[PDB]
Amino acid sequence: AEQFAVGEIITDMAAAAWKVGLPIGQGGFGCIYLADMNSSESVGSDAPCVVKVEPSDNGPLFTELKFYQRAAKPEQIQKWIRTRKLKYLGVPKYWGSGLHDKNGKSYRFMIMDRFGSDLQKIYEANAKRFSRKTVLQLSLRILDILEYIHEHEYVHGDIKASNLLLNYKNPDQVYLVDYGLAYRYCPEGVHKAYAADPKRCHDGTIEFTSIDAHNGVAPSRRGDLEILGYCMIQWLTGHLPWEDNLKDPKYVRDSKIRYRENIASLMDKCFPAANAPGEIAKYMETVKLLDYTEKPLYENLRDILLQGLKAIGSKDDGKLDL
């Protein structure tokens, strides 16, 4: 069922007018089309926006839209960038949304920034490795993103390379996308209790998800940092220890628990003997110390990663080296 007539003009709830172009990408993030401001011109291949469209009863797009409306208003992000002295913040900007009826069905749409490639494609093209420099630079910016969304009451729960997109015009700026299964862990400053949430079905992506998620409890801040930990190892080494048994969640959980209890054994497993990046172990030890409701010391985690850059003779110059 086609959701749009190509070239049609759609008007959002703020009465801003947009024009719809052709589909973009290999289907990973649902029904998405290139989009631009309304004009006499057709929407081109270099369009600065995309429009996401789903049935109005689609739960994930409603969840995602609420996240973007609450936490990703352009001015709200810019104010944080200024006050925290960032070069940029990799939370996509929300440009508008509305309702669209076609063929007796109701759809919701949302206009967002258009991005370039996802990191998973680039990773695979680099024979499933990123350099230590790249991993550290990615992770510093992901820590900025996680701090910002956690301070706005949300956790992501599904950090991974396929959910990391580059700025279309700047390949040193990485953005975290896909908030359809994001979780509001602290609505109005009240932290969710250590417990399953019946409203949440999602467990994350099995190879990267947190021990909390494996235990059936709602995701919290420590879980997001743990996920990033597993991503860093995957990116550095091409592997995780539990990757041959991902059809058995009990196995995956058991391995993660054992490797949290003995982080030195994780470093021995994942890295060549005596050749483990010390910042990765220190990062994991720091995350291990977090309680379920505890606010992370994000600057301490970034300082740990910055020691890694110093150790390889570099600095945080914002260069992803992709």
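One-based numbering along the sequence shown.
Quiz item: Taking the other compared entries of this protein, do a third or more of them lack coordinates for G27?
Solution: In at least a third of the comparable entries (those modelling both sides of it), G27 has no coordinates.
Quiz item: Looking at the entry, does 23-31 or 263-271 show the higher mean C-alpha B-factor?
Solution: The entry gives the higher C-alpha B-factor average to 23-31.
Quiz item: If you average the Cα B factors in the entry, which is higher, 197-205 or 179-187?
Solution: On average, C-alpha B-factors are higher across 197-205.
Quiz item: Among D144, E151, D172, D212, which residue carries the highest C-alpha B-factor recorded in the PDB entry?
Solution: Each of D144, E151, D172, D212 was compared by C-alpha B-factor; the highest is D172.
Self-check item: Highest-ranked of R222, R108, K160, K192 once sorted by CA temperature factor in the record
Solution: Highest C-alpha B-factor among the listed options: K192.
Quiz item: Against its chain's modelled residues, does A281's Cα B factor rank lowest, middle or highest third?
Solution: Answer is middle: the recorded C-alpha B-factor places it there.
Quiz item: Sorting the chain's CA B-factors, does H156 end up in the lowest, middle or highest third?
Solution: It belongs to the lowest third of the chain when residues are ordered by C-alpha B-factor.
Quiz item: Which third of the chain holds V50 when residues are ordered by C-alpha B factor: lowest, middle or highest?
Solution: Middle third of the chain for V50's C-alpha B-factor.
Quiz item: When the modelled residues of the chain are sorted by Cα temperature factor, does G216 land in the lowest, middle or highest third?
Solution: Its C-alpha B-factor, which the entry lists for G216, ranks in the middle third among residues of this chain.
Self-check item: CA B-factor placement of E243, once the chain's modelled residues are sorted into thirds
Solution: Its C-alpha B-factor belongs to the middle third of this chain's values.
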